[PDB]
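Listing of work_7.pdb; format and content: PDB, C-alpha atoms.
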```pdb
ATOM      1  CA  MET E   1      -9.810  26.323  50.879  1.00  0.00           C
ATOM      2  CA  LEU E   2      -8.156  29.383  49.231  1.00  0.00           C
ATOM      3  CA  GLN E   3      -8.032  33.203  49.464  1.00  0.00           C
ATOM      4  CA  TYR E   4      -7.733  35.983  46.829  1.00  0.00           C
ATOM      5  CA  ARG E   5      -7.715  39.752  46.289  1.00  0.00           C
ATOM      6  CA  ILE E   6      -9.382  41.158  43.142  1.00  0.00           C
ATOM      7  CA  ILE E   7      -9.433  44.671  41.629  1.00  0.00           C
ATOM      8  CA  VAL E   8     -12.241  45.712  39.231  1.00  0.00           C
ATOM      9  CA  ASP E   9     -12.737  48.692  36.864  1.00  0.00           C
ATOM     10  CA  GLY E  10     -15.633  49.950  34.696  1.00  0.00           C
ATOM     11  CA  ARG E  11     -19.055  51.351  35.570  1.00  0.00           C
ATOM     12  CA  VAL E  12     -18.793  49.641  38.983  1.00  0.00           C
ATOM     13  CA  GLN E  13     -20.040  52.570  41.168  1.00  0.00           C
ATOM     14  CA  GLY E  14     -23.443  54.330  41.103  1.00  0.00           C
ATOM     15  CA  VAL E  15     -24.950  50.880  40.205  1.00  0.00           C
ATOM     16  CA  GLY E  16     -25.081  49.210  43.695  1.00  0.00           C
ATOM     17  CA  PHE E  17     -22.211  46.846  42.720  1.00  0.00           C
ATOM     18  CA  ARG E  18     -20.689  46.554  46.231  1.00  0.00           C
ATOM     19  CA  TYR E  19     -24.094  45.272  47.459  1.00  0.00           C
ATOM     20  CA  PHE E  20     -24.246  42.872  44.449  1.00  0.00           C
ATOM     21  CA  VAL E  21     -20.808  41.536  45.484  1.00  0.00           C
ATOM     22  CA  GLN E  22     -21.905  41.430  49.177  1.00  0.00           C
ATOM     23  CA  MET E  23     -24.915  39.221  48.390  1.00  0.00           C
ATOM     24  CA  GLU E  24     -22.914  37.106  45.890  1.00  0.00           C
ATOM     25  CA  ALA E  25     -20.377  36.349  48.679  1.00  0.00           C
ATOM     26  CA  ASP E  26     -23.179  35.695  51.210  1.00  0.00           C
ATOM     27  CA  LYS E  27     -24.934  33.223  48.841  1.00  0.00           C
ATOM     28  CA  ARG E  28     -21.759  31.043  49.192  1.00  0.00           C
ATOM     29  CA  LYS E  29     -21.093  32.089  52.867  1.00  0.00           C
ATOM     30  CA  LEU E  30     -17.637  33.354  51.778  1.00  0.00           C
ATOM     31  CA  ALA E  31     -15.703  35.632  54.201  1.00  0.00           C
ATOM     32  CA  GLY E  32     -13.700  38.815  53.441  1.00  0.00           C
ATOM     33  CA  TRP E  33     -14.631  42.314  52.169  1.00  0.00           C
ATOM     34  CA  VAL E  34     -15.584  44.481  49.220  1.00  0.00           C
ATOM     35  CA  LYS E  35     -14.571  48.181  49.110  1.00  0.00           C
ATOM     36  CA  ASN E  36     -14.425  51.155  46.759  1.00  0.00           C
ATOM     37  CA  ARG E  37     -10.917  52.550  46.040  1.00  0.00           C
ATOM     38  CA  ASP E  38     -10.503  56.362  46.002  1.00  0.00           C
ATOM     39  CA  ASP E  39      -8.416  55.862  42.810  1.00  0.00           C
ATOM     40  CA  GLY E  40     -11.709  54.954  40.994  1.00  0.00           C
ATOM     41  CA  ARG E  41     -11.385  51.114  41.053  1.00  0.00           C
ATOM     42  CA  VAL E  42     -13.257  48.651  43.302  1.00  0.00           C
ATOM     43  CA  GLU E  43     -11.584  45.877  45.350  1.00  0.00           C
ATOM     44  CA  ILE E  44     -12.772  42.454  46.546  1.00  0.00           C
ATOM     45  CA  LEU E  45     -10.893  40.219  49.031  1.00  0.00           C
ATOM     46  CA  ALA E  46     -12.290  36.771  49.923  1.00  0.00           C
ATOM     47  CA  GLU E  47     -11.526  33.401  51.550  1.00  0.00           C
ATOM     48  CA  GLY E  48     -13.447  30.100  51.233  1.00  0.00           C
ATOM     49  CA  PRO E  49     -13.805  26.849  49.208  1.00  0.00           C
ATOM     50  CA  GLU E  50     -11.880  27.305  45.933  1.00  0.00           C
ATOM     51  CA  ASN E  51     -14.893  26.204  43.799  1.00  0.00           C
ATOM     52  CA  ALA E  52     -17.125  28.752  45.584  1.00  0.00           C
ATOM     53  CA  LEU E  53     -14.377  31.386  45.139  1.00  0.00           C
ATOM     54  CA  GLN E  54     -14.108  30.654  41.369  1.00  0.00           C
ATOM     55  CA  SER E  55     -17.926  30.916  41.150  1.00  0.00           C
ATOM     56  CA  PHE E  56     -17.636  34.260  43.006  1.00  0.00           C
ATOM     57  CA  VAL E  57     -15.106  35.470  40.351  1.00  0.00           C
ATOM     58  CA  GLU E  58     -17.757  34.515  37.739  1.00  0.00           C
ATOM     59  CA  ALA E  59     -20.260  36.663  39.701  1.00  0.00           C
ATOM     60  CA  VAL E  60     -17.798  39.583  40.187  1.00  0.00           C
ATOM     61  CA  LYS E  61     -16.552  39.677  36.549  1.00  0.00           C
ATOM     62  CA  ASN E  62     -20.161  40.084  35.285  1.00  0.00           C
ATOM     63  CA  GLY E  63     -20.665  43.175  37.425  1.00  0.00           C
ATOM     64  CA  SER E  64     -24.247  43.602  38.545  1.00  0.00           C
ATOM     65  CA  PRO E  65     -26.614  43.443  35.505  1.00  0.00           C
ATOM     66  CA  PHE E  66     -26.744  47.277  36.000  1.00  0.00           C
ATOM     67  CA  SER E  67     -22.896  47.571  36.003  1.00  0.00           C
ATOM     68  CA  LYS E  68     -20.281  46.982  33.324  1.00  0.00           C
ATOM     69  CA  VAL E  69     -16.860  45.645  34.282  1.00  0.00           C
ATOM     70  CA  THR E  70     -14.365  46.742  31.581  1.00  0.00           C
ATOM     71  CA  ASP E  71     -11.195  45.339  33.286  1.00  0.00           C
ATOM     72  CA  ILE E  72     -10.492  42.998  36.249  1.00  0.00           C
ATOM     73  CA  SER E  73      -7.299  41.737  37.988  1.00  0.00           C
ATOM     74  CA  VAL E  74      -6.817  38.802  40.440  1.00  0.00           C
ATOM     75  CA  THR E  75      -4.123  37.650  42.902  1.00  0.00           C
ATOM     76  CA  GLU E  76      -4.582  34.371  44.804  1.00  0.00           C
ATOM     77  CA  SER E  77      -3.209  34.416  48.367  1.00  0.00           C
ATOM     78  CA  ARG E  78      -2.351  31.707  50.950  1.00  0.00           C
ATOM     79  CA  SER E  79      -1.984  33.977  54.025  1.00  0.00           C
ATOM     80  CA  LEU E  80      -5.523  33.549  55.344  1.00  0.00           C
ATOM     81  CA  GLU E  81      -7.928  36.254  56.583  1.00  0.00           C
ATOM     82  CA  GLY E  82      -9.431  33.734  59.069  1.00  0.00           C
ATOM     83  CA  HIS E  83     -12.634  35.870  58.929  1.00  0.00           C
ATOM     84  CA  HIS E  84     -16.158  34.487  59.609  1.00  0.00           C
ATOM     85  CA  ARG E  85     -18.339  36.975  57.606  1.00  0.00           C
ATOM     86  CA  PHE E  86     -18.236  39.066  54.426  1.00  0.00           C
ATOM     87  CA  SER E  87     -18.270  42.896  54.839  1.00  0.00           C
ATOM     88  CA  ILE E  88     -18.600  46.217  52.946  1.00  0.00           C
ATOM     89  CA  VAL E  89     -15.565  48.391  53.829  1.00  0.00           C
ATOM     90  CA  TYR E  90     -14.209  51.879  52.882  1.00  0.00           C
ATOM     91  CA  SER E  91     -10.847  51.951  54.789  1.00  0.00           C
TER      92      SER E  91
END
```

Can you present the structure in this file as structure tokens?
Amino acid sequence: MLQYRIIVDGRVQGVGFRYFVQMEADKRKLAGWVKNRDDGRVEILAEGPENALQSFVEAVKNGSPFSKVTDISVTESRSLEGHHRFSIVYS
């Protein structure tokens, strides 16, 4: 088990990307959130099996097929969310 926070940049809005990320977390039953940042970036935060999490980075770094990620940043964490679902957030 592990946890991370990820920040993403590119054409990652107006392409449904937060829903792409939502479904790509759900297809591994990961827990955490995805949100837009008012700065213009997007953010992911997840917890789950570290193989499933790495596979979720492989999903995220692609963007949706409609998107294009042009830069991405990652921080692993060990200060668990303890969540039981994935969510779309805007806080």

* Quick one: everything within 7 Å of residue E:63, counting all atoms listed in the file, minus sequence neighbours fewer than 5 positions away in the same chain. Send it as a PyMOL selection string. => chain E and resi 12+17+68-69

Let me see the file: selected residues, C-alpha atoms, as a PDB file, in the frame of the given file.
```
ATOM      1  CA  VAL E  12     -18.793  49.641  38.983  1.00  0.00           C
ATOM      2  CA  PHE E  17     -22.211  46.846  42.720  1.00  0.00           C
ATOM      3  CA  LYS E  68     -20.281  46.982  33.324  1.00  0.00           C
ATOM      4  CA  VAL E  69     -16.860  45.645  34.282  1.00  0.00           C
TER       5      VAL E  69
END
```

Using only the atoms of stretch 12-26 of chain E listed in the file, plus 5 Å on each side, state the axis-aligned box centre and edge lengths in Å rounded to one decimal, as AutoDock Vina command-line options.
```
--center_x -21.9 --center_y 45.0 --center_z 45.1 --size_x 16.3 --size_y 28.6 --size_z 22.2
```

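Between atom CA of residue E:4 and atom CA of residue E:52 there is a distance of 11.9 Å.
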
* Can you list, as a VMD selection string, every protein, DNA or RNA residue that comes within 12 Å of residue E:55 when you count all atoms listed in the file, leaving out same-chain residues fewer than 3 positions away? -> chain E and resid 21 24 to 25 27 to 28 30 46 48 to 52 58 to 62

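Atom CA of residue E:87 sits 19.7 Å away from atom CA of residue E:9.
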
* To do: Just the residues within 10 Å of residue E:31, please, counting only C-alpha atoms, with nothing from its chain fewer than 4 positions along; format it as JSON, numbers by chain.
  => {"E": [3, 22, 25, 26, 45, 46, 47, 48, 81, 82, 83, 84, 85, 86, 87]}

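What separates atom CA of residue E:18 from atom CA of residue E:56 is a distance of 13.1 Å.
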
* Of the residues E:53, E:10, E:37, E:32, which is the one nearest to residue E:80, using all atoms listed in the file? ->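 Among the listed residues, E:32 lies closest to residue E:80.
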
* Have a look at E:15, E:75, E:41, E:89 and name the one nearest to residue E:57; count all atoms listed in the file. =>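 Under the stated criterion, the closest residue is E:75.
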
* **Which residue of E:20, E:79, E:11, E:73 approaches residue E:43 most closely, using only C-alpha atoms** =>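 Result for the nearest residue to residue E:43: E:73.
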
* Which one is closest to residue E:36: E:71, E:78, E:6, E:66? Count only C-alpha atoms. -> E:6

* Can you work out which one of E:88, E:7, E:72, E:1 has the shortest atom-to-atom distance to residue E:23, counting only C-alpha atoms? =>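 Among E:88, E:7, E:72, E:1, it is E:88 that comes nearest to residue E:23.
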
* **E:90, E:70, E:64, E:77 ranked by distance to residue E:14, top pick (using only C-alpha atoms)** => E:64
